[PDB]
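K.L.:
Chains as they are written, first to last, in the entry's author numbering: chain F, 410 to 478; chain A, 410 to 478. Ideal Cβ placement from N, Cα and C applies to all residues, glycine included.
2 protein chains.
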Amino acid sequence: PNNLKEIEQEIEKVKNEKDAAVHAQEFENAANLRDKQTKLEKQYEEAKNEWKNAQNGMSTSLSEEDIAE
Amino acid sequence: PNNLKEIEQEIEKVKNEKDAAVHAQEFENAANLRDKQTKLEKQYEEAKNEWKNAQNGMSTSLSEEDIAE
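1. Who are the Cβ neighbours of A/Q446 in its own chain at under 6 Å, not counting the five residues just before and after it?
2. In chain A, which residues lie with their C-beta within 8 Å of the C-beta of F/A440?
3. Return the residues of the region 456-475 of chain A that lie within a Cβ-Cβ distance of less than 9 Å from chain F, sorted by chain order.
4. Excluding the 5 residues preceding and the 5 following A/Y453 in the sequence, name in chain order all residues of the same chain whose CB lies nearer than 8 Å to its CB.
5. So A/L442 packs on A/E455, CB below 8 Å; how close in whole Å?
6. Where do the ends of the alpha helix (DSSP H) carrying A/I476 lie?
7. May I ask which residues mark the beginning and end of the alpha helix (DSSP H) holding F/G466?
8. Alpha carbon to alpha carbon, what distance is there between F/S468 and F/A477?
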């Protein structure tokens, strides 16, 4: 529901930036990048947990409209 | 004469310990390690250059006292 794609992209770009900075020997910002990545991972886990709980709370019954479509 | 015997040893331990801290999510001390490693690399080049500059000028000719050895 347009909630995990953004966090996944942010984690990917943070990882790419950290990998680029590793070759350039930049550890003063590497700690900040790692902390941001960990926070984004925690937020992604929380969002996934709440989304799966909400999905499991409801029942996806099949109606005649699906067959008609 | 006990010049690069210890400088190179310091570089060796910093590099290996640096990589382990990356996977251990320990960048609090890794930031200081990168600065120390960069400084040691500069010192190694300076020490090597001054050693060869003061020795390449002189020539080491043969001596008759060691021919009979």
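P.N.:
The structure says:
1. Start at 1 with the first residue of the second sequence, and residue 446 of chain A comes out as number 37. The residues are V423.
2. Against the first sequence, residue 440 of chain F aligns to sequence position 31. Chain A residues near F/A440: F436, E437, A439 and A440.
3. Those residues of the region 456-475 of chain A that come within reach of chain F (Cβ to Cβ, closer than 9 Å) do not exist; the list is empty.
4. Along the second sequence, one-based indexing puts residue 453 of chain A at 44. So the list reads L413, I416, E417 and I420, once near-sequence residues are dropped.
5. Counting from 1 along the second sequence, the entry for residue 442 of chain A is found at position 33. Counting from 1 along the second sequence, the entry for residue 455 of chain A is found at position 46. Wrong, their Cβ atoms sit about 21 Å apart, outside the cutoff.
6. For this step, residue 476 of chain A is matched to residue 67 along the second sequence. Per DSSP, A/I476 lies in no alpha helix (DSSP H) and is assigned neither H nor E.
7. The residue labelled residue 466 of chain F in the question sits at position 57 within the first sequence. It spans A439 to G466 - the alpha helix (DSSP H) in which F/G466 sits, taken as one unbroken run.
8. Here residue 477 of chain F corresponds to residue number 68 of the first sequence, with the count starting at 1. Here residue 468 of chain F corresponds to residue number 59 of the first sequence, with the count starting at 1. Cα atoms of F/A477 and F/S468: separation of roughly 20 Å, rounded to the nearest angstrom.
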